[PDB]
């Protein structure tokens, strides 16, 4: 009885409604501006030959379209036109966290990590609450807004192993919510040190290390608070049942923060 129409428009030119006004990253992500509202979007134009592949993407689009949280990036539009799939999502002016680290040539401060951790955790907890796993949480997928806030995105064969949880590597089997928590732990170290743990190792050797080795730690413990190192121990726990949920982590003192000023200042340096 209740019917939901498709989230991708058809037989309509995207550029009738959005002007491409530049390039943001090098596949290619574009910057677009709505011709009627002036709203800014990031746009991705993915080549969709296989109609079986379009259905595979449209699944990810449906999940994104149904999400409604301030710390998860919103889908503004989607089109199928002349065999391309355009995805337009809310523009996050501060850019990705990894790009900020590469531009400034510095890791984040603990104060900055703290804000990102708390907001990312709010996003993730909402996903988990709605039976969604992110699966690719890393610093490259955390975006800064302009007001100093985080939005979680997904920029896009086994792939890169650095953020993978031991139970996924060891194929230990109902749900994989905890794997996102592990990845959050790796992401925090990545923001503290620019690169994730084991970055210097061959990808095959990293799989071995994740399966066989003690959880990764910060390279220089004395530079960081006990709250932070403790928070890491809860995320980077190899026993899946001992590893904390996002709901438990929200009660941790490390994410008892109030101001987003560290991030406002970080993106004021980046803008200069």
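Residue numbers count along the first chain shown, from 1.
Can you say how many deposited residues have no coordinates in the span between residue 214 and residue 215, choosing none, 1 to 3, 4 to 9, or 10 or more?
Gap size class: none, per the record.
Which of the two stretches, 79 to 87 or 124 to 132, shows the higher mean Cα temperature factor in the record?
Mean B over CA atoms: larger for 79 to 87.
If you average the CA temperature factors as listed in the entry, which stretch comes out higher, 135 to 143 or 100 to 108?
100 to 108 has the higher mean C-alpha B-factor.
For residue 67, does the deposited CA B-factor place it in the lowest, middle or highest third of the chain?
For residue 67, whose C-alpha B-factor we compare with every modelled residue in the chain, the answer is the lowest third.
For residue 161, does the deposited CA B-factor place it in the lowest, middle or highest third of the chain?
Lowest third - that is where residue 161 ends up once the chain's C-alpha B-factors are sorted.
Within this chain, which third does the Cα B-factor at residue 95 fall in: lowest, middle or highest?
As the PDB entry reports it, the C-alpha B-factor of residue 95 lands in the middle third of its chain.
What third of the chain, by the recorded C-alpha B-factor, contains residue 180?
Within its chain, residue 180 is a lowest-third residue by C-alpha B-factor, going by the deposited values.
For the chain shown, is the CA B-factor of residue 32 in the lowest, middle or highest third of its modelled residues?
For residue 32, the deposited C-alpha B-factor lands in the highest third.
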